[PDB]
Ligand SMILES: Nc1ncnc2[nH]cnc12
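Encoded as structure tokens, the following chain is the form solved without adenine (ADE), with no partner shown.
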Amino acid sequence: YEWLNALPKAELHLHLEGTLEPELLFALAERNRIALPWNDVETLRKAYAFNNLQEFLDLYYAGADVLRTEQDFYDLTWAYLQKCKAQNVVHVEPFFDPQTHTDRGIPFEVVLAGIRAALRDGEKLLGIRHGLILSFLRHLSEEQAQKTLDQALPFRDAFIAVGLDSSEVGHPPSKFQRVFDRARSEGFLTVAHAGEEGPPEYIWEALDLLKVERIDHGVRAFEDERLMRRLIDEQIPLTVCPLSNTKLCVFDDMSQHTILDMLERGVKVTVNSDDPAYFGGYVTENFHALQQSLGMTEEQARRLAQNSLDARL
């Protein structure tokens, strides 16, 4: 573990809302005078058991309620940044889901103020470079996403890219092609969740329609040889999340994971924690699961960690 923990890493697939530890959630509910549906921290944690992406999302979104003030968003992001410091993550390019908060009445400026403030601290105090990524909720309409992009324009320089998460299946990348086209037109790079629960077809759409710089997850590309060859050949990064895939049942076991297989084939795969508060581990716990269950070597360790550095935007 320690050896894995000491590797220089970049995290490129990480939802700030997904770093919301049960402990923090309760203390934020206390500071905001919110009565939680959960009786204690331990009952919330016990509820972190999922049969699929949606069961997790439902609870993930429920957790966002306690996020209401700028100081809430600062606390959230600063707590995660300290995790990065402990685990020697020297560079972060994290998602947030503005709609989850703006739709609850929290002003866009307030969400950003807290995150941005923390990121400044992370860089000047912790030495951690950052590239904030604004993610659209794919289960909502392109229209709502357009409205979100309008809110972000005055702020555009705070974001290096736009992303695309939430319920994948039945909401293909094509659904958001116009808004992505506009974000690019307005100077945004692009990334997207694809081939987590979704078909390889969604990965192609992400590549050619949304014109992404990297694929988030992308594990189901292993079903598509001609896409495999494309990945391998173009060296497009994949932000693979081991514990996430296991906990959401993408793989029945960590020993079933194809990330090393992909690495050995030349796919520029990386390791990320995704929603570490929900999946029982941050980036280092992800590297470790790989070693324990797939006998990953220090060799592939250094290699994966180096890819995350290479894949920075």
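One-based numbering along the sequence shown.
Higher-scoring stretch by recorded Cα B factor average, 222 to 230 or 67 to 75: It is 222 to 230 that shows the higher mean C-alpha B-factor.
Between 233 to 241 and 78 to 86, name whichever shows the higher mean Cα B factor according to the PDB entry. Taking the mean C-alpha B-factor of 233 to 241 and of 78 to 86, the larger value falls to 233 to 241.
Quick one: which of 277, 34, 259, 27 shows the highest Cα temperature factor in the PDB entry? Within the set 277, 34, 259, 27, 259 shows the top C-alpha B-factor.
Relative C-alpha B-factor of residue 107, binned into the chain's lowest, middle or highest third: As the PDB entry reports it, the C-alpha B-factor of residue 107 lands in the lowest third of its chain.
Name the third of the chain's ranked CA B-factors that contains residue 200, choosing lowest, middle or highest. For residue 200, whose C-alpha B-factor we compare with every modelled residue in the chain, the answer is the highest third.
What third of its chain's C-alpha B-factors does residue 303 belong to: lowest, middle or highest? For residue 303, the deposited C-alpha B-factor lands in the highest third.
Would you mind ranking residue 16 by its C-alpha B-factor against the rest of the chain and naming the third, lowest, middle or highest? Residue 16: CA B-factor falls in the lowest third of its chain.
The following text describes the form solved in complex with adenine (ADE), which does not appear among the structures shown.
Any chance all of 11, 80 and 285 sit within 4.5 Å of adenine (ADE) in the entry with it bound, going by non-hydrogen atoms? The answer is no; none of 11, 80 and 285 reaches adenine (ADE).
Quick check on residue 38: any heavy atom within 4.5 Å of adenine (ADE) in the entry with it bound? Looking in the entry with it bound, residue contacts with adenine (ADE) do not include residue 38, since no heavy atom lies within 4.5 Å.
I'd like to check something about residue 214: if you look in the entry with it bound, is any of its heavy atoms closer than or equal to 4.5 Å to a heavy atom of adenine (ADE)? It does not: once adenine (ADE) is placed as it appears in the entry with it bound, residue 214 has no heavy atom within 4.5 Å of it.
Closest heavy atom of residue 93 to adenine (ADE) in the entry with it bound, within 4.5 Å or not? Residue-level check for residue 93: no, no contact with adenine (ADE).
Would you classify residue 50 as touching adenine (ADE) in the entry with it bound, given a 4.5 Å non-hydrogen atom cut-off? Result no; residue 50 lies far from adenine (ADE) in the entry with it bound.
Based on heavy atom distances of 4.5 Å or less, which listed stretch (22 to 30, 42 to 50, 253 to 261, 272 to 280) is in contact with adenine (ADE) in the entry with it bound? Only one stretch passes the 4.5 Å heavy-atom test: 272 to 280.
Quick one: from 148, 166, 190, 87, grab the residue that has a heavy atom within 4.5 Å of adenine (ADE) in the entry with it bound. Of 148, 166, 190, 87, the residue with a heavy atom within 4.5 Å of adenine (ADE) in the entry with it bound is 166.
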